[PDB]
Amino acid sequence: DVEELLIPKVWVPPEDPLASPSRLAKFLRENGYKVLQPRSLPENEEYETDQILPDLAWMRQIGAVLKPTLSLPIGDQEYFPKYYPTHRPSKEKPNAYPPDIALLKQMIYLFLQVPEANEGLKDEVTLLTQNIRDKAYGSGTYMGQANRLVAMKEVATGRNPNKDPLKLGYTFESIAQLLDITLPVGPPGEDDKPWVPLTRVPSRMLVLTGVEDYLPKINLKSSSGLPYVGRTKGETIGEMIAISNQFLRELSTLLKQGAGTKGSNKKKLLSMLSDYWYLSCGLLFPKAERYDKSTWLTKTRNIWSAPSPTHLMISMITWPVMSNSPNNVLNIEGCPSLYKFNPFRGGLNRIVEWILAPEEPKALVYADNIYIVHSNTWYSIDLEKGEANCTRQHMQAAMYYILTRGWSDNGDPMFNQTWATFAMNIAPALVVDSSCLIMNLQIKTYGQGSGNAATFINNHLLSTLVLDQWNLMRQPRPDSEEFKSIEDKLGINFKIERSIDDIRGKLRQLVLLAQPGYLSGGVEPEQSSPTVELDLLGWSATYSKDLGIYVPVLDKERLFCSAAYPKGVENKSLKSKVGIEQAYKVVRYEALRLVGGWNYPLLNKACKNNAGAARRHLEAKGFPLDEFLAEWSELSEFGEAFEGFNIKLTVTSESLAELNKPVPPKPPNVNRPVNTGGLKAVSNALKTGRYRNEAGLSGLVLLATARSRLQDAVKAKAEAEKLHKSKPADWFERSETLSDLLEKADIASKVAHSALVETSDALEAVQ
């Protein structure tokens, strides 16, 4: 037979068959994937900072890491850009991210010390093992990325091709009134201060008084992207700002001229977009996760690393609005959103209480996830490669929404026409159905790019549509022929990831069968306390006897899958305060417990022991552990859930109860009056075809900008303005009304070649 081991041998990854661009080129062409005709980009050249950004010069001598001299894509000579991502591990280097053998051995050890039997304990060893066998953590393979690319093309154009929602009866506004429920939005900013709108360039987002930061913050470690392949966002802060200025300043210039001379500016404008083509192209970053070994060459998740200039600008539209809008099911009646939901602090109990309430059918939404309860069954729905289902217009509808009820006070627009054109006609062309750079090949991107600029909102909209159509055919059961045919109408794919039958029952019985543990007695668990595996944003439910409520345990399969292959540290930082690693381990094992390990006897104890081991080790070695664990959230792969809490990594009986103590939800912030009705109402009321333009002036302003020529943007606001005046209430009528005034002023774009289609072609000039 086959040689079988307790501690499985080192895995030697397969040889990656698409190692070089010559083979990768063949693969895509062979699979009917579009390869673009390679655009070229000016070489980057040294420029004094006290010139291009004169307002942010003193901010060096007193993030803000500035650079005495910037580097801008303005060179005399040109190049074709390359991006060659490292795939850890490989044949040549198989030890990059090893499995947690020490955790396994320890669990096995701790199991053997148990006097007799118990399969429930052994089941932990079995599971943790089966993972180390079946899975491998790493970057995957080009074969894997490329195969995932074709996978997405086959979603977006193959079985059930994507659909323009505007051609399906939906409209900027009808979608916007849907999003009104599923994603409530306030005025931009956070907790100080307010009132700065989209009437100034990125440079001006750092105002002096008596220095305030209004620049949408982003992590200074990720890949910068075009035009600076091989550099980080922190090494290119000033360059990211400078390029954005140049781009926006040049746009206002060409918009503030318009026609004048036979609209010969059209050629100057399609020139400017072709100049800035690199904004439309993002690096194909192979996402490092725990992959199945068998599908090591067939499935690798792709990240679309958007050009930091595109990012800065797209996020300027969304980030200040989305950030200070924490409105969800937890604080608005009828709201189905889970945005900014956090299960600790009382969070999970409330959704579990929401499920238990007799009302049904009901839905819950977060980006590409739809949770539905129907006929007493929990349903976990995802969209097939959410992000590939997105059309260019799906986003411009979302971009509409954010502006109309995020950057508008009571109907009045608070944004330039420059920004209005960028958001409605430019941004979505840069980001959806655009392009990516894998190796030296410039290949098409199908739909939206996974984890690029403003990805959450567009997916959220996509689900909002699925839900809408769900409401229209009288809320069918997710696994019925009817709920499936929703994808045939909308051109959005979705599978049922998981379904729990008799959901209310099983949740109730969690209270009866709760075994003693950290949150049910204040004792180290001898036996695994039962849970309902909701996978609610990756969380499962268990009842704490000590707290008298449901508390979150990280999904069983996610937990062990993580425990098996711990992530890496990327940059070694060579810090070395004797412990770098040892200390990290502490974080590894304590965080594992904290999320959910605390509820799995062996895994808990095993993690505790190994944590204590490293802790005892570093105490003697001298290392200042306490100071290292200050900002631990930033270090662990689970930190995001523990952010804003400033909580010590201890995992005692207290800390789990203090982490889980019910604290009244944060008060809602809604721009317009708060809707207490629900999505069922809005869906039906909207099918009659009669709905009031709740966006006021701004709505019409954007309706014109989209429906007319790119250059005639200032004329489009002027027209719509005159329109708003003439009244003598409904949107379908007002729509045609304004439209006529676009044909009357002869600035309306000719059918099937909208400004969006014009700016998209202009982004791939080649010649």
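Tabulated data
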{"read-out": "Whole-Å distance, taken between Cα centres, linking segment 298-370 and segment 562-590", "value": "30 Å"}
{"read-out": "5 angstrom amide H check on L283, placed H, neighbours 5+ away", "value": "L226, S305, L437"}
{"read-out": "Backbone HN-Hα couplings from phi across segment 683-700 [Karplus 6.51/-1.76/1.60, Hz, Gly and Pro as x]", "value": "5, 6, 3, 8, 7, 6, x, 10, 8, 6, 5, 6, 8, x, 4, 3, x, 4"}
{"read-out": "Alpha-carbon Rg with Dmax, taken over segment 1-46, Å", "value": "20.7, 66"}
{"read-out": "Computed log₁₀ I(q)/I(0) - Debye formula, equal Cα scatterers, no solvent, segment 611-748, q 0.10, 0.20, 0.21 Å⁻¹", "value": "-0.65, -1.19, -1.24"}
{"read-out": "FRET efficiency estimate (nearest 0.05) - Cβ-Cβ, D50 to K489, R0 45 angstrom", "value": "0.20"}
{"read-out": "Overall Cα dimensions of segment 146-255 - principal axes, largest extent first, Å", "value": "59, 40, 34"}
{"read-out": "5 angstrom amide H check on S408, placed H, neighbours 5+ away", "value": "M414"}
{"read-out": "HN-Hα J in Hz across segment 32-43 - Karplus 6.51, -1.76, 1.60, θ = phi - 60°, x for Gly and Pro", "value": "x, 9, 6, 9, 6, 7, x, 7, 10, 10, x, 5"}
{"read-out": "Quotient of C-alpha Rg and 2.2 N^0.38 Å, computed over segment 556-663", "value": "1.05"}
{"read-out": "Computed label-point distance, nm, for sites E43 and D626 using a 7 Å Cα→Cβ extension", "value": "5.6 nm"}
{"read-out": "Cα gyration tensor category, rounded, prolate or oblate, for segment 674-753 with a/c compared to 1.5", "value": "prolate"}
{"read-out": "Label zone at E15, where the point sits 7 Å out along the Cα-to-Cβ direction: segment 82-99 residues whose backbone N lies under 14 Å", "value": "91-93"}
{"read-out": "Computed E for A752/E235 - FRET, C-beta separation, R0 60 angstrom, nearest 0.05", "value": "0.90"}
{"read-out": "In range of the label at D479: residues from segment 363-380 whose backbone nitrogen is under 14 Å from the point 7 Å along Cα→Cβ", "value": "372-380"}
{"read-out": "Packing-based ranking, highest mean first, of 425-431, 105-111, 40-46, 737-743 given that Cβ atoms within 10 Å are counted", "value": "425-431, 105-111, 737-743, 40-46"}
{"read-out": "Förster-model FRET efficiency, 35 Å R0, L5 and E116, C-beta, rounded to 0.05", "value": "0.85"}
{"read-out": "For the chain, alpha-carbon Rg relative to the globular expectation (2.2 N^0.38 Å, N residues)", "value": "0.99"}
{"read-out": "Rule-of-thumb Rg ratio for segment 413-546 [Cα; 2.2 N^0.38 Å; N residues]", "value": "1.61"}
{"read-out": "Ratio Rg/Rh [Cα only; Rh per Kirkwood] for segment 40-131", "value": "1.42"}
{"read-out": "Segment 468-503: trypsin sites (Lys or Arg not before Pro) in DSSP loop, at most 12 other beta carbons within 10 Å", "value": "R474"}
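Values in this text are rule-based calculations from the coordinates and carry no lab data. Cβ coordinates were reconstructed from backbone atoms using ideal geometry, including for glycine residues, and neighbour counts include every protein chain displayed.
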